[PDB]
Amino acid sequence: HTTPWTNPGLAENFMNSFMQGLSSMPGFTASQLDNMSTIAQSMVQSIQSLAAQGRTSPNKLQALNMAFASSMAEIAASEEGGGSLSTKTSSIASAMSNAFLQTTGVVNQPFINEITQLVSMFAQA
C-alpha cells in the first residue's frame, strides 16, 4: 500500500502534487490550468468518497490514476493556445516526475512515457 496505485491517500497526494507542480510550468493558458485543476480536484474528491466506503482497490485505483493522466493529456492535446504541443508535453511529463518524487520518491518512467505517447495519440485524433 506504498504507491498511488495501491494507497488512496497517496493517489490523492499524487494528483494534488501534479497540479501544484504543473501550475509553475509553461505551455498552458489560465483556462486550461483551471480545467485541469477542476478535473484533478474532482478525481481527488472521488477517491476520498470511495476510500471512505472501502470501495478502492489496486485495480480501481490503477484505473482512476489512468483516468486522471488521460484527462490531463486530453486537455493538452485538444485545447488550443498557450504554447506548443511539445512544451505542453514536457510540462505534463515534468509535473508527473515530481508528483512521483513527492509521493513514492521513485519515478515511474514507463508510465510517464505512456502519458506522453497519449498526448500525441489524442493530438492526432
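We number the residues from 1 along the sequence you see.
- Between the stretches 72-80 and 58-66, it is 72-80 that shows the larger average CA temperature factor.
- Comparing 40-48 with 90-98, the higher mean C-alpha B-factor in the PDB entry belongs to 40-48.
- In the deposited entry, the Cα temperature factor of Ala11 places it in the lowest third of its chain's modelled residues.
- In this PDB entry, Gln20 carries a Cα temperature factor that places it within the highest third of its chain's modelled residues.
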